[PDB]
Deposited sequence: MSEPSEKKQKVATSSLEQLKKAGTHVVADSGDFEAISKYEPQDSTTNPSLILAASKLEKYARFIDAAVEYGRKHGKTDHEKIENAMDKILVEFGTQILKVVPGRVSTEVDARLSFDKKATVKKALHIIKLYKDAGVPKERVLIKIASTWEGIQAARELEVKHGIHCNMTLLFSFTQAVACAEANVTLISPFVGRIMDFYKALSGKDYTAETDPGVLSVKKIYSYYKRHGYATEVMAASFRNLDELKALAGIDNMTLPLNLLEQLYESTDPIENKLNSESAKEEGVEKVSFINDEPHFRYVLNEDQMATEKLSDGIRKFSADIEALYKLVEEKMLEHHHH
């Protein structure tokens, strides 16, 4: 009997592991890996990974002049340390997220992505194995647009809650999008569901159908799963990134998972072509009319920014230990 995990892969979905705990992911045989500020913070606290934090702290000490510069450099190196280790375990790519504090700064986001890519190159990792992960604000989408076409740097568009964001991303020729399933459902829940009626599931289906109808090459990676019913409803979608607990539930089970989403079927549901990438006021207005997406994007940026500030303090403490000892 085939595990639920293998059945998902057979249904046509690539499995992606959402964790910084790279030691824990290999048994699920994921294709790619994703990290984000919450996951990096969590992993950075684990005593077993102390040597990677130490290496990052030494790096930051070397390159910064002010303690602030030292700390910020070290935080960059932490992302790359974990990413490099992950790439030893997965055959595909790792997603490394641009500082969320830069979500409203296109120029700074482009420069940060270029810097992260350079650090990977210095570590012997080619840019083809990296997805630079960027919040799906107007500025983030435009940053990705530049990185993809000007630099050949592949981007993963995250904190994506709306069809409006997804259209803009497709037009920007981004490599991959990560529409959030669970957080969409969270909003309308407060204002639970069956999988067929789940607003997050319906949103991702709409985005998928559109991409496939109009022939956009951008990969769709469903993200932020709350339960296996959401997952089962989207089986067949290009990629899913999943937390370790849900991977373990799929791994241990033989419960059936069959194809639900496929390009040939979904094409017929795709809505008529629209456009946003060239009209900033129109994008901002239409996005603003989506209360859920506006509020969840805004909150996601604050949450990830708080996780980065927590990482900063963790690094400050270690940097001090290094200086003293």
| field | Deposited residues absent from the coordinates (by C-alpha) | value | 1-11, 203-205
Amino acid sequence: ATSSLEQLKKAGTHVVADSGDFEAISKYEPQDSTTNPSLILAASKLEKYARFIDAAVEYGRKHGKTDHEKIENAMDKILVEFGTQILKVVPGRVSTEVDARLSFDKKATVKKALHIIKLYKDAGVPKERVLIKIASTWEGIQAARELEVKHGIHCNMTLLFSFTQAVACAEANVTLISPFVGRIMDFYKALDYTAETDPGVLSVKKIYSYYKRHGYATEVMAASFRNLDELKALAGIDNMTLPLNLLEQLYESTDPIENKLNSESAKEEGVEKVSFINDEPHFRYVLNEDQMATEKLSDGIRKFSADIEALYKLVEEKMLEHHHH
From here on, numbers count along this sequence of modelled residues.
| Stretch with the greater mean C-alpha B-factor as recorded in the entry, comparing 131-139 against 116-124 | 116-124
| query | Do the CA atoms of 48-56 or those of 290-298 have the higher mean B-factor in the entry? | reply | 48-56
| message | Take the CA temperature factors straight from the PDB entry and tell me which of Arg145, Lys189, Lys107, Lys77 peaks. | response | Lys189
| task | Would you mind checking which of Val274, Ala43, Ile277, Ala266 has the top Cα temperature factor in the PDB entry? | result | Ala266
| request: Place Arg226 in the lowest, middle or highest third of its chain's C-alpha B-factors, as listed in the PDB entry. | output: highest
| task | Sort the modelled residues of this chain by their C-alpha B factor and say whether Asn239 lands in the lowest, middle or highest third. | result | middle
| task | Name the third of the chain's ranked CA B-factors that contains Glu316, choosing lowest, middle or highest. | result | middle
| Lowest, middle or highest third - CA B-factor, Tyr216 | highest
| remark: Here the Cα B-factor of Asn173, set against its chain, lands in the third termed middle
